[PDB]
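**Q** Here it is, the structure, as structure tokens.
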There are 2 protein chains.
Amino acid sequence: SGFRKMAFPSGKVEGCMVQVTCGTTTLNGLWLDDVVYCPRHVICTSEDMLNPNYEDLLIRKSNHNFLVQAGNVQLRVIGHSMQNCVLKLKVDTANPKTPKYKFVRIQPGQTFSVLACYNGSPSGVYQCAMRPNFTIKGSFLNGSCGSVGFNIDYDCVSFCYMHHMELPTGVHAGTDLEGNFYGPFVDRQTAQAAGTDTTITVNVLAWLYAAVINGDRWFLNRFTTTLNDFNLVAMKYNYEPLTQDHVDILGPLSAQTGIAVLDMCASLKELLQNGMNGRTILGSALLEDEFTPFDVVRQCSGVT
Amino acid sequence: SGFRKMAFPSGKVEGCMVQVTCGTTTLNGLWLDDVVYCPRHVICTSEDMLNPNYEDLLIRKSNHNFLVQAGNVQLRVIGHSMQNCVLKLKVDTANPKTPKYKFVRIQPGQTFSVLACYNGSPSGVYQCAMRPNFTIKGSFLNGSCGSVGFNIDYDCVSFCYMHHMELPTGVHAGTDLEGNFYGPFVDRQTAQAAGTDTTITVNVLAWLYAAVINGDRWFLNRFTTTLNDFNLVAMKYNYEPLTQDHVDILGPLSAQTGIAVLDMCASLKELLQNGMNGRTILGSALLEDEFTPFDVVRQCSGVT
Ligand SMILES: O=C(Cc1cccc(Cl)c1)Nc1ncn2ccccc12
Ligand SMILES: O=C(Cc1cccc(Cl)c1)Nc1ncn2ccccc12
């Protein structure tokens, strides 16, 4: 019992973190096999960030300008290429600690763990989600770029995020491991506003199922609703519309608790309309949306 | 910017997790040098837990009855001893992944990371705190016993907690790595109630400083208070009394923000008396007390 914002164990990812320095800029890189992946803005000076032409800036860079250090030993760079917004630095040594891995591009609403790093060294691990506006609410300081987001399935690490930028609003933007930004963001120091940060409805429902499983049941009511009726309320409260795909994904949680998905929707509807009235659910005074249905089952069943 | 419930990177601790089986019970063990530490209730059957005499139960156990597996390879047990509520299983092989370590006994209000494990394999990592009633609000299922709590200072892991038990109220009790329970709990299946779970005032103040540093400033008021006046309010709201030792520990956060500790106390006093009025601080609708002043500085400065 108990329900925590839990991150994946970070060991497999810690073994991949390296420091990348180009000119006077230093950030993190991810060393998998004989390649080091890092944000391409490592080639920029702070002045360059205003309007950078990465292709032109890269012409002035050779393999020996990319300093890659793994722990306290230097890696030899034998090739470099730019793929979208990331640089791939080919090194002469395969990372002996390379775990089984995949590069995945996640959808909004999906959660992942972040291993925040500075100078190629891990500072901490936390759980977050790809927001519906394609930002992440992380915790990142200057030098954290190149830190990655990932999920783990037994022994395979699926890398889904590489940190690139903080928007003026303190939210974060980044790419998948192919260098494509999530959302419309560009690696340029230009004020870019994020869209509406809507609530991930299916995740709130999963968290409500987690609460019932862990004993918090005060919010369960005698009502039911329909997808269309629920969605009228979700629109009013800036929640994502719930689809039958979402209802299907909540099937195992519905089966575990004996609470039909539409009945849980009716509980959520009353919580949206009435508020919590000073009460809490799983130690929270707001509706939590950064646990997916898969996360709830995983935590409540102890997958290792 | 951004402020997250952040755990330490768990790699150094993942390298120490092993499975311990005795009879039909299986739990986790912590392998440091040539010793494996685990809860002594590994020798009990589910029936034994009602009223166990551990010394008597241990007489029927020999080295070969303790099955210790590290990954997929078996460790040879060459000695066993009971120290308070933990067993120390001497093995014939030193753990090659033993990090620099210390065993510490923490005080209530102090935070640590937990690497939840099942069958000697890590499932996840989360941050928690030793509550003032000496319980922890963790996330643990059957088989999670032996999972540990720890802090890290650069390359040294300070182990502070080993999970032993869930109370009927869904909160958790455990020992330090010398086998002494935190609080009055005993490793016996007897209903043991926890005392008042008071709020860790100094941690709430640290989190309010973190909020100001990260831009959330709506709660700052034009008032000040005294330690005695503040403490009258803290008593009323089941908050721990604030001492000059706490004020001293908040000095660096006070200096960083230019907000005198007693002025921040007056902001906290108004938040206690008036509530949040539907507003949030650092994405929370309640006052968070599981970040110490050291945690806030560490996260806001990027210590690796
Ligand atoms: O934002 C950047 C780097 C950057 C700057 C301009 C454009 C791009 Cl593409 C990238 N890093 C970052 N992440 C969290 N942070 C918190 C405080 C300061 C910086 C910072
Ligand atoms: O409580 C125990 C084991 C135990 C039982 C009785 C006395 C002692 Cl000393 C220890 N493990 C545990 N921790 C979280 N859990 C969640 C669901 C079931 C069990 C469980």
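Note on naming: chains are A, B, ... as they come in the structure tokens, residues start from 1 per chain, ligands start from 1 in the order shown.
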Sorted by chain and rising residue number, list the residues of chain B at most 6 Å from ligand 2 (counting only C-alpha atoms and all ligand atoms), each with its closest atom pair and distance in Å to one decimal, as a Markdown table.
**A**
| residue | atom | partner | partner_atom_place_in_ligand_line | distance |
| --- | --- | --- | --- | --- |
| B:49 | CA | ligand 2 | 7 (C) | 5.8 |
| B:140 | CA | ligand 2 | 14 (C) | 4.3 |
| B:141 | CA | ligand 2 | 16 (C) | 3.6 |
| B:142 | CA | ligand 2 | 19 (C) | 3.7 |
| B:144 | CA | ligand 2 | 13 (N) | 5.8 |
| B:145 | CA | ligand 2 | 11 (N) | 5.8 |
| B:164 | CA | ligand 2 | 10 (C) | 5.3 |
| B:165 | CA | ligand 2 | 1 (O) | 3.6 |
| B:166 | CA | ligand 2 | 1 (O) | 4.1 |
| B:187 | CA | ligand 2 | 9 (Cl) | 3.1 |
| B:188 | CA | ligand 2 | 7 (C) | 4.7 |
| B:189 | CA | ligand 2 | 7 (C) | 4.4 |
**Q** Selected residues, N, CA, C and O atoms, written as a short mmCIF file (atom, residue, chain, number, x, y, z; two decimals), in the first residue's frame, please.
**A**
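Once written, again_22.cif looks like this:
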data_model
loop_
_atom_site.label_atom_id
_atom_site.label_comp_id
_atom_site.auth_asym_id
_atom_site.auth_seq_id
_atom_site.Cartn_x
_atom_site.Cartn_y
_atom_site.Cartn_z
N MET B 49 4.83 -15.01 12.58
CA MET B 49 4.72 -13.57 12.76
C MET B 49 3.80 -13.10 13.88
O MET B 49 3.92 -11.96 14.31
N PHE B 140 4.96 0.18 -0.92
CA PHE B 140 5.58 -1.12 -0.75
C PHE B 140 4.53 -2.18 -0.78
O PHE B 140 3.51 -2.05 -0.12
N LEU B 141 4.81 -3.26 -1.50
CA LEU B 141 3.93 -4.42 -1.58
C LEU B 141 4.59 -5.59 -0.86
O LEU B 141 5.76 -5.50 -0.48
N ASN B 142 3.89 -6.73 -0.71
CA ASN B 142 4.48 -7.93 -0.12
C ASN B 142 5.75 -8.34 -0.91
O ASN B 142 5.78 -8.20 -2.13
N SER B 144 8.55 -6.59 -0.56
CA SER B 144 9.40 -5.40 -0.64
C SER B 144 10.33 -5.26 0.55
O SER B 144 11.28 -4.49 0.47
N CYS B 145 10.14 -6.05 1.64
CA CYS B 145 11.01 -5.97 2.80
C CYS B 145 12.47 -6.16 2.43
O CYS B 145 12.79 -6.93 1.52
N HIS B 164 10.72 -2.97 6.79
CA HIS B 164 10.32 -4.20 7.48
C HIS B 164 8.85 -4.46 7.46
O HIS B 164 8.47 -5.62 7.46
N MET B 165 8.02 -3.41 7.60
CA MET B 165 6.62 -3.65 7.87
C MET B 165 5.64 -2.61 7.38
O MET B 165 5.94 -1.41 7.38
N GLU B 166 4.42 -3.05 7.08
CA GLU B 166 3.34 -2.13 6.80
C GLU B 166 2.38 -2.20 7.98
O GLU B 166 2.02 -3.30 8.40
N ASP B 187 8.84 -6.01 15.02
CA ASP B 187 8.58 -6.92 13.89
C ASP B 187 7.72 -8.09 14.33
O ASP B 187 8.18 -9.22 14.48
N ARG B 188 6.45 -7.80 14.55
CA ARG B 188 5.45 -8.74 15.02
C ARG B 188 4.12 -8.33 14.39
O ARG B 188 3.83 -7.14 14.30
N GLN B 189 3.33 -9.30 13.95
CA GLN B 189 2.01 -9.06 13.36
C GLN B 189 1.03 -8.87 14.48
O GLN B 189 0.29 -9.77 14.88
#
**Q** So that I can check the surroundings of residue 114 (chain A), please list as a list in words every protein, DNA and RNA residue that reaches within 8 Å of it, counting only C-alpha atoms and ignoring chain neighbours fewer than 4 positions away.
**A**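 Here the qualifying residues turn out to be residues 7, 125, 126, 127, 128, 147, 148, 149 and 150 of chain A.
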**Q** Should the cut-off be 7 Å, what would the residue list for chain A against chain B look like, counting only C-alpha atoms, as a PDB file with N, CA, C and O atoms, in the first residue's frame?
**A**
ATOM      1  N   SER A   1       0.815  -1.202   0.000  1.00  0.00           N
ATOM      2  CA  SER A   1       0.000   0.000   0.000  1.00  0.00           C
ATOM      3  C   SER A   1       0.860   1.269   0.000  1.00  0.00           C
ATOM      4  O   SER A   1       2.087   1.221   0.190  1.00  0.00           O
ATOM      5  N   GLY A   2       0.219   2.381  -0.272  1.00  0.00           N
ATOM      6  CA  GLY A   2       0.915   3.634  -0.460  1.00  0.00           C
ATOM      7  C   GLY A   2       1.117   3.815  -1.951  1.00  0.00           C
ATOM      8  O   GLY A   2       1.260   2.833  -2.710  1.00  0.00           O
ATOM      9  N   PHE A   3       1.101   5.066  -2.386  1.00  0.00           N
ATOM     10  CA  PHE A   3       1.224   5.366  -3.796  1.00  0.00           C
ATOM     11  C   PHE A   3       2.093   6.569  -3.962  1.00  0.00           C
ATOM     12  O   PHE A   3       1.817   7.627  -3.392  1.00  0.00           O
ATOM     13  N   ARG A   4       3.215   6.374  -4.635  1.00  0.00           N
ATOM     14  CA  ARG A   4       4.228   7.393  -4.789  1.00  0.00           C
ATOM     15  C   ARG A   4       4.521   7.754  -6.215  1.00  0.00           C
ATOM     16  O   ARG A   4       4.458   6.897  -7.089  1.00  0.00           O
ATOM     17  N   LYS A   5       4.977   9.002  -6.450  1.00  0.00           N
ATOM     18  CA  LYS A   5       5.440   9.399  -7.771  1.00  0.00           C
ATOM     19  C   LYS A   5       6.809   8.710  -7.908  1.00  0.00           C
ATOM     20  O   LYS A   5       7.813   9.119  -7.310  1.00  0.00           O
ATOM     21  N   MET A   6       6.793   7.579  -8.582  1.00  0.00           N
ATOM     22  CA  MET A   6       7.937   6.701  -8.647  1.00  0.00           C
ATOM     23  C   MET A   6       8.629   6.759  -9.984  1.00  0.00           C
ATOM     24  O   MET A   6       7.980   6.651 -11.010  1.00  0.00           O
ATOM     25  N   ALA A   7       9.946   6.869  -9.972  1.00  0.00           N
ATOM     26  CA  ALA A   7      10.743   6.858 -11.184  1.00  0.00           C
ATOM     27  C   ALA A   7      11.340   5.465 -11.376  1.00  0.00           C
ATOM     28  O   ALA A   7      11.405   4.677 -10.424  1.00  0.00           O
ATOM     29  N   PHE A   8      11.760   5.133 -12.607  1.00  0.00           N
ATOM     30  CA  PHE A   8      12.431   3.862 -12.850  1.00  0.00           C
ATOM     31  C   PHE A   8      13.797   3.916 -12.166  1.00  0.00           C
ATOM     32  O   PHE A   8      14.393   4.995 -12.023  1.00  0.00           O
ATOM     33  N   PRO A   9      14.359   2.751 -11.778  1.00  0.00           N
ATOM     34  CA  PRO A   9      15.748   2.754 -11.271  1.00  0.00           C
ATOM     35  C   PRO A   9      16.661   3.364 -12.361  1.00  0.00           C
ATOM     36  O   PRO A   9      16.417   3.130 -13.546  1.00  0.00           O
ATOM     37  N   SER A  10      17.588   4.239 -11.987  1.00  0.00           N
ATOM     38  CA  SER A  10      18.356   4.998 -12.982  1.00  0.00           C
ATOM     39  C   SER A  10      19.723   4.470 -13.351  1.00  0.00           C
ATOM     40  O   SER A  10      20.359   5.054 -14.217  1.00  0.00           O
ATOM     41  N   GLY A  11      20.166   3.394 -12.717  1.00  0.00           N
ATOM     42  CA  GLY A  11      21.480   2.801 -12.955  1.00  0.00           C
ATOM     43  C   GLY A  11      21.861   2.580 -14.402  1.00  0.00           C
ATOM     44  O   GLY A  11      22.961   2.961 -14.817  1.00  0.00           O
ATOM     45  N   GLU A  14      22.525   5.984 -15.852  1.00  0.00           N
ATOM     46  CA  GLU A  14      23.717   6.618 -15.256  1.00  0.00           C
ATOM     47  C   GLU A  14      24.995   6.145 -15.967  1.00  0.00           C
ATOM     48  O   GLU A  14      25.906   6.945 -16.198  1.00  0.00           O
ATOM     49  N   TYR A 118      24.499  17.120 -14.690  1.00  0.00           N
ATOM     50  CA  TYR A 118      25.314  18.311 -14.890  1.00  0.00           C
ATOM     51  C   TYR A 118      26.727  17.796 -15.048  1.00  0.00           C
ATOM     52  O   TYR A 118      27.123  16.890 -14.304  1.00  0.00           O
ATOM     53  N   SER A 121      27.450  14.111 -14.900  1.00  0.00           N
ATOM     54  CA  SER A 121      27.219  13.432 -13.630  1.00  0.00           C
ATOM     55  C   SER A 121      25.768  13.565 -13.180  1.00  0.00           C
ATOM     56  O   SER A 121      25.194  14.659 -13.190  1.00  0.00           O
ATOM     57  N   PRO A 122      25.179  12.458 -12.711  1.00  0.00           N
ATOM     58  CA  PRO A 122      23.767  12.501 -12.308  1.00  0.00           C
ATOM     59  C   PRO A 122      23.522  13.214 -10.991  1.00  0.00           C
ATOM     60  O   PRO A 122      24.253  13.033 -10.018  1.00  0.00           O
ATOM     61  N   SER A 123      22.528  14.096 -10.983  1.00  0.00           N
ATOM     62  CA  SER A 123      22.167  14.835  -9.786  1.00  0.00           C
ATOM     63  C   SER A 123      20.930  14.213  -9.152  1.00  0.00           C
ATOM     64  O   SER A 123      20.863  14.140  -7.934  1.00  0.00           O
ATOM     65  N   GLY A 124      19.969  13.767  -9.965  1.00  0.00           N
ATOM     66  CA  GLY A 124      18.764  13.166  -9.412  1.00  0.00           C
ATOM     67  C   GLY A 124      17.832  12.561 -10.430  1.00  0.00           C
ATOM     68  O   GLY A 124      18.031  12.716 -11.628  1.00  0.00           O
ATOM     69  N   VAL A 125      16.809  11.858  -9.948  1.00  0.00           N
ATOM     70  CA  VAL A 125      15.849  11.235 -10.817  1.00  0.00           C
ATOM     71  C   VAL A 125      14.434  11.573 -10.372  1.00  0.00           C
ATOM     72  O   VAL A 125      14.150  11.617  -9.176  1.00  0.00           O
ATOM     73  N   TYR A 126      13.577  11.916 -11.327  1.00  0.00           N
ATOM     74  CA  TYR A 126      12.190  12.247 -11.038  1.00  0.00           C
ATOM     75  C   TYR A 126      11.297  11.802 -12.170  1.00  0.00           C
ATOM     76  O   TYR A 126      11.740  11.572 -13.289  1.00  0.00           O
ATOM     77  N   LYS A 137       7.119  19.493 -17.374  1.00  0.00           N
ATOM     78  CA  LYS A 137       7.337  20.284 -16.165  1.00  0.00           C
ATOM     79  C   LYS A 137       8.457  19.589 -15.429  1.00  0.00           C
ATOM     80  O   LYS A 137       8.204  18.714 -14.612  1.00  0.00           O
ATOM     81  N   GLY A 138       9.693  19.926 -15.777  1.00  0.00           N
ATOM     82  CA  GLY A 138      10.849  19.297 -15.159  1.00  0.00           C
ATOM     83  C   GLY A 138      11.491  20.122 -14.067  1.00  0.00           C
ATOM     84  O   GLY A 138      10.867  21.012 -13.484  1.00  0.00           O
ATOM     85  N   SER A 139      12.753  19.830 -13.780  1.00  0.00           N
ATOM     86  CA  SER A 139      13.521  20.560 -12.791  1.00  0.00           C
ATOM     87  C   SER A 139      14.891  20.547 -13.385  1.00  0.00           C
ATOM     88  O   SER A 139      15.558  19.516 -13.360  1.00  0.00           O
ATOM     89  N   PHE A 140      15.256  21.646 -14.046  1.00  0.00           N
ATOM     90  CA  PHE A 140      16.491  21.694 -14.799  1.00  0.00           C
ATOM     91  C   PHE A 140      17.126  23.038 -14.644  1.00  0.00           C
ATOM     92  O   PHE A 140      16.444  24.050 -14.758  1.00  0.00           O
ATOM     93  N   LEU A 141      18.433  23.053 -14.423  1.00  0.00           N
ATOM     94  CA  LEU A 141      19.218  24.273 -14.312  1.00  0.00           C
ATOM     95  C   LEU A 141      20.129  24.383 -15.531  1.00  0.00           C
ATOM     96  O   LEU A 141      20.236  23.438 -16.312  1.00  0.00           O
ATOM     97  N   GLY A 170       9.270  28.854 -17.438  1.00  0.00           N
ATOM     98  CA  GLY A 170       9.823  27.850 -16.543  1.00  0.00           C
ATOM     99  C   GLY A 170       9.473  26.410 -16.839  1.00  0.00           C
ATOM    100  O   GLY A 170       9.709  25.526 -16.000  1.00  0.00           O
ATOM    101  N   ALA A 285      -4.074  17.355  -2.718  1.00  0.00           N
ATOM    102  CA  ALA A 285      -5.279  18.195  -2.660  1.00  0.00           C
ATOM    103  C   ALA A 285      -5.739  18.653  -4.059  1.00  0.00           C
ATOM    104  O   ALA A 285      -6.633  19.486  -4.181  1.00  0.00           O
ATOM    105  N   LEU A 286      -5.142  18.095  -5.101  1.00  0.00           N
ATOM    106  CA  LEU A 286      -5.550  18.307  -6.463  1.00  0.00           C
ATOM    107  C   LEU A 286      -5.562  16.967  -7.201  1.00  0.00           C
ATOM    108  O   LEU A 286      -5.067  15.955  -6.686  1.00  0.00           O
ATOM    109  N   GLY A 302       4.078  -4.400  -8.587  1.00  0.00           N
ATOM    110  CA  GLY A 302       5.498  -4.574  -8.279  1.00  0.00           C
ATOM    111  C   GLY A 302       6.370  -5.135  -9.383  1.00  0.00           C
ATOM    112  O   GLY A 302       7.228  -5.989  -9.129  1.00  0.00           O
ATOM    113  N   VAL A 303       6.175  -4.647 -10.613  1.00  0.00           N
ATOM    114  CA  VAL A 303       6.970  -5.092 -11.760  1.00  0.00           C
ATOM    115  C   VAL A 303       8.410  -4.641 -11.557  1.00  0.00           C
ATOM    116  O   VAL A 303       8.630  -3.500 -11.177  1.00  0.00           O
ATOM    117  N   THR A 304       9.382  -5.534 -11.764  1.00  0.00           N
ATOM    118  CA  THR A 304      10.788  -5.195 -11.580  1.00  0.00           C
ATOM    119  C   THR A 304      11.561  -5.174 -12.898  1.00  0.00           C
ATOM    120  O   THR A 304      12.663  -4.622 -12.956  1.00  0.00           O
TER     121      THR A 304
END
**Q** For residue 37 (chain B), please output as a short mmCIF file (atom, residue, chain, number, x, y, z; two decimals) with C-alpha atoms, in the first residue's frame all residues within 7 Å (counting only C-alpha atoms; exclusion window: fewer than 3 positions along the same chain).
**A**
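Generated output (around15.cif):
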data_model
loop_
_atom_site.label_atom_id
_atom_site.label_comp_id
_atom_site.auth_asym_id
_atom_site.auth_seq_id
_atom_site.Cartn_x
_atom_site.Cartn_y
_atom_site.Cartn_z
CA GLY B 29 18.98 -8.15 1.05
CA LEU B 30 21.65 -5.45 0.82
CA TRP B 31 25.11 -6.83 -0.16
CA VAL B 86 18.44 -7.52 10.98
CA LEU B 87 20.36 -10.60 9.94
CA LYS B 88 23.94 -10.24 8.68
CA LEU B 89 24.76 -13.08 6.31
#
**Q** Using only C-alpha atoms, which protein or nucleic acid residues come within 10 Å of residue 153 (chain A)? Drop anything in the same chain fewer than 2 positions from it, and give the result as a list in words.
**A**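 Listed by chain and then number, they are residues 8, 100, 101, 151, 155, 156, 157, 158, 303 and 304 of chain A.
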**Q** For residue 260 (chain A), work out the shell of residues within 9 Å, counting only C-alpha atoms and skipping chain neighbours fewer than 4 positions away, then give it as a list in words.
**A**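 Returned residues: residues 224, 251, 254, 255, 264 and 265 of chain A.
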**Q** Please produce an output containing C-alpha atoms for each residue in the selection, written as a short mmCIF file (atom, residue, chain, number, x, y, z; two decimals), in the first residue's frame.
**A**
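New file again-v2.cif:
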data_model
loop_
_atom_site.label_atom_id
_atom_site.label_comp_id
_atom_site.auth_asym_id
_atom_site.auth_seq_id
_atom_site.Cartn_x
_atom_site.Cartn_y
_atom_site.Cartn_z
CA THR A 224 -22.81 7.21 -13.59
CA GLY A 251 -10.22 -1.99 -18.38
CA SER A 254 -11.88 -1.25 -13.74
CA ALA A 255 -11.73 -5.08 -13.36
CA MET A 264 -15.37 6.48 -12.16
CA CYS A 265 -15.95 9.25 -14.77
#
**Q** Restricting the calculation to only C-alpha atoms, which member of B:262, B:250, B:194, B:205 is positioned closest to residue 222 (chain B)?
**A** B:262
**Q** To one decimal place, how far is CA of residue 39 (chain B) from CA of residue 92 (chain B) in Å?
**A**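 So the answer is 20.2 Å.
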**Q** Please determine, counting only C-alpha atoms and all ligand atoms, which residue among A:80, A:131, A:163, A:102 has the shortest atom-to-atom distance to ligand 1.
**A** A:163
**Q** Enumerate, as a PyMOL selection string, the complete set of residues in region 213-256 of chain A that a backbone-based DSSP assignment places in alpha helix (DSSP H).
**A** chain A and resi 213+227-236+244-249+251-256
**Q** Please save N, CA, C and O atoms of the selected residues as a PDB file, in the first residue's frame.
**A**
ATOM      1  N   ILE A 213      -7.721   1.456  -4.797  1.00  0.00           N
ATOM      2  CA  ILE A 213      -6.902   0.275  -4.492  1.00  0.00           C
ATOM      3  C   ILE A 213      -6.137   0.489  -3.168  1.00  0.00           C
ATOM      4  O   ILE A 213      -6.010  -0.437  -2.361  1.00  0.00           O
ATOM      5  N   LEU A 227     -19.830   8.895 -22.080  1.00  0.00           N
ATOM      6  CA  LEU A 227     -18.631   9.552 -22.619  1.00  0.00           C
ATOM      7  C   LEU A 227     -18.965  10.964 -23.089  1.00  0.00           C
ATOM      8  O   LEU A 227     -18.238  11.883 -22.773  1.00  0.00           O
ATOM      9  N   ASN A 228     -20.098  11.147 -23.803  1.00  0.00           N
ATOM     10  CA  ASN A 228     -20.487  12.482 -24.272  1.00  0.00           C
ATOM     11  C   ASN A 228     -20.819  13.451 -23.117  1.00  0.00           C
ATOM     12  O   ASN A 228     -20.417  14.617 -23.173  1.00  0.00           O
ATOM     13  N   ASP A 229     -21.499  12.972 -22.076  1.00  0.00           N
ATOM     14  CA  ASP A 229     -21.840  13.834 -20.945  1.00  0.00           C
ATOM     15  C   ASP A 229     -20.567  14.198 -20.186  1.00  0.00           C
ATOM     16  O   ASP A 229     -20.303  15.371 -19.935  1.00  0.00           O
ATOM     17  N   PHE A 230     -19.725  13.202 -19.920  1.00  0.00           N
ATOM     18  CA  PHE A 230     -18.464  13.422 -19.233  1.00  0.00           C
ATOM     19  C   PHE A 230     -17.611  14.443 -20.012  1.00  0.00           C
ATOM     20  O   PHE A 230     -17.204  15.444 -19.432  1.00  0.00           O
ATOM     21  N   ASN A 231     -17.508  14.269 -21.324  1.00  0.00           N
ATOM     22  CA  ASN A 231     -16.724  15.161 -22.175  1.00  0.00           C
ATOM     23  C   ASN A 231     -17.191  16.598 -22.201  1.00  0.00           C
ATOM     24  O   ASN A 231     -16.344  17.479 -22.334  1.00  0.00           O
ATOM     25  N   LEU A 232     -18.487  16.864 -21.983  1.00  0.00           N
ATOM     26  CA  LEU A 232     -18.977  18.244 -21.863  1.00  0.00           C
ATOM     27  C   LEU A 232     -18.323  18.892 -20.617  1.00  0.00           C
ATOM     28  O   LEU A 232     -17.910  20.053 -20.658  1.00  0.00           O
ATOM     29  N   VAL A 233     -18.244  18.129 -19.518  1.00  0.00           N
ATOM     30  CA  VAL A 233     -17.637  18.581 -18.273  1.00  0.00           C
ATOM     31  C   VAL A 233     -16.134  18.707 -18.442  1.00  0.00           C
ATOM     32  O   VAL A 233     -15.568  19.730 -18.084  1.00  0.00           O
ATOM     33  N   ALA A 234     -15.490  17.723 -19.079  1.00  0.00           N
ATOM     34  CA  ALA A 234     -14.048  17.779 -19.339  1.00  0.00           C
ATOM     35  C   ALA A 234     -13.675  19.029 -20.145  1.00  0.00           C
ATOM     36  O   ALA A 234     -12.705  19.698 -19.809  1.00  0.00           O
ATOM     37  N   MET A 235     -14.480  19.389 -21.156  1.00  0.00           N
ATOM     38  CA  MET A 235     -14.196  20.582 -21.961  1.00  0.00           C
ATOM     39  C   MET A 235     -14.208  21.839 -21.088  1.00  0.00           C
ATOM     40  O   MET A 235     -13.276  22.642 -21.146  1.00  0.00           O
ATOM     41  N   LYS A 236     -15.231  21.953 -20.236  1.00  0.00           N
ATOM     42  CA  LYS A 236     -15.414  23.076 -19.331  1.00  0.00           C
ATOM     43  C   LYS A 236     -14.227  23.256 -18.399  1.00  0.00           C
ATOM     44  O   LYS A 236     -13.856  24.384 -18.094  1.00  0.00           O
ATOM     45  N   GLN A 244     -13.147   6.068 -26.307  1.00  0.00           N
ATOM     46  CA  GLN A 244     -13.309   4.651 -25.998  1.00  0.00           C
ATOM     47  C   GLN A 244     -11.918   3.978 -25.916  1.00  0.00           C
ATOM     48  O   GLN A 244     -11.759   3.036 -25.156  1.00  0.00           O
ATOM     49  N   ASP A 245     -10.896   4.491 -26.626  1.00  0.00           N
ATOM     50  CA  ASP A 245      -9.534   3.959 -26.508  1.00  0.00           C
ATOM     51  C   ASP A 245      -9.045   4.110 -25.055  1.00  0.00           C
ATOM     52  O   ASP A 245      -8.490   3.169 -24.490  1.00  0.00           O
ATOM     53  N   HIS A 246      -9.352   5.260 -24.433  1.00  0.00           N
ATOM     54  CA  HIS A 246      -8.989   5.511 -23.031  1.00  0.00           C
ATOM     55  C   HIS A 246      -9.744   4.563 -22.109  1.00  0.00           C
ATOM     56  O   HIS A 246      -9.138   3.952 -21.239  1.00  0.00           O
ATOM     57  N   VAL A 247     -11.061   4.419 -22.303  1.00  0.00           N
ATOM     58  CA  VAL A 247     -11.908   3.489 -21.539  1.00  0.00           C
ATOM     59  C   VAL A 247     -11.349   2.070 -21.636  1.00  0.00           C
ATOM     60  O   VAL A 247     -11.233   1.383 -20.626  1.00  0.00           O
ATOM     61  N   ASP A 248     -10.916   1.668 -22.837  1.00  0.00           N
ATOM     62  CA  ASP A 248     -10.353   0.328 -23.041  1.00  0.00           C
ATOM     63  C   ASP A 248      -9.056   0.160 -22.245  1.00  0.00           C
ATOM     64  O   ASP A 248      -8.841  -0.880 -21.612  1.00  0.00           O
ATOM     65  N   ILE A 249      -8.195   1.185 -22.266  1.00  0.00           N
ATOM     66  CA  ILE A 249      -6.934   1.124 -21.528  1.00  0.00           C
ATOM     67  C   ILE A 249      -7.153   1.035 -20.019  1.00  0.00           C
ATOM     68  O   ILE A 249      -6.351   0.401 -19.335  1.00  0.00           O
ATOM     69  N   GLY A 251      -9.574  -0.691 -18.615  1.00  0.00           N
ATOM     70  CA  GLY A 251     -10.217  -1.986 -18.377  1.00  0.00           C
ATOM     71  C   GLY A 251      -9.632  -2.781 -17.231  1.00  0.00           C
ATOM     72  O   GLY A 251     -10.361  -3.124 -16.304  1.00  0.00           O
ATOM     73  N   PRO A 252      -8.305  -3.037 -17.211  1.00  0.00           N
ATOM     74  CA  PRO A 252      -7.718  -3.771 -16.075  1.00  0.00           C
ATOM     75  C   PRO A 252      -7.930  -3.094 -14.714  1.00  0.00           C
ATOM     76  O   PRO A 252      -8.201  -3.794 -13.729  1.00  0.00           O
ATOM     77  N   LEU A 253      -7.861  -1.753 -14.650  1.00  0.00           N
ATOM     78  CA  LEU A 253      -8.103  -1.065 -13.381  1.00  0.00           C
ATOM     79  C   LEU A 253      -9.567  -1.140 -12.992  1.00  0.00           C
ATOM     80  O   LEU A 253      -9.880  -1.308 -11.820  1.00  0.00           O
ATOM     81  N   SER A 254     -10.461  -1.112 -13.980  1.00  0.00           N
ATOM     82  CA  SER A 254     -11.878  -1.249 -13.740  1.00  0.00           C
ATOM     83  C   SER A 254     -12.179  -2.658 -13.186  1.00  0.00           C
ATOM     84  O   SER A 254     -12.989  -2.811 -12.271  1.00  0.00           O
ATOM     85  N   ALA A 255     -11.546  -3.682 -13.767  1.00  0.00           N
ATOM     86  CA  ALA A 255     -11.732  -5.076 -13.364  1.00  0.00           C
ATOM     87  C   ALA A 255     -11.212  -5.326 -11.947  1.00  0.00           C
ATOM     88  O   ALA A 255     -11.856  -6.017 -11.157  1.00  0.00           O
ATOM     89  N   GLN A 256     -10.051  -4.757 -11.626  1.00  0.00           N
ATOM     90  CA  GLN A 256      -9.419  -4.904 -10.319  1.00  0.00           C
ATOM     91  C   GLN A 256     -10.307  -4.356  -9.212  1.00  0.00           C
ATOM     92  O   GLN A 256     -10.476  -5.000  -8.169  1.00  0.00           O
TER      93      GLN A 256
END
**Q** Distance CA of residue 110 (chain A)-CA of residue 27 (chain A), one decimal place?
**A**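 Here the two named atoms are 25.9 Å from each other.
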**Q** Quick one: residues within 7 Å of region 62-73 of chain B, only C-alpha atoms counted, chain neighbours fewer than 4 positions away excluded, as a PyMOL selection string?
**A** chain B and resi 18-23+77-80
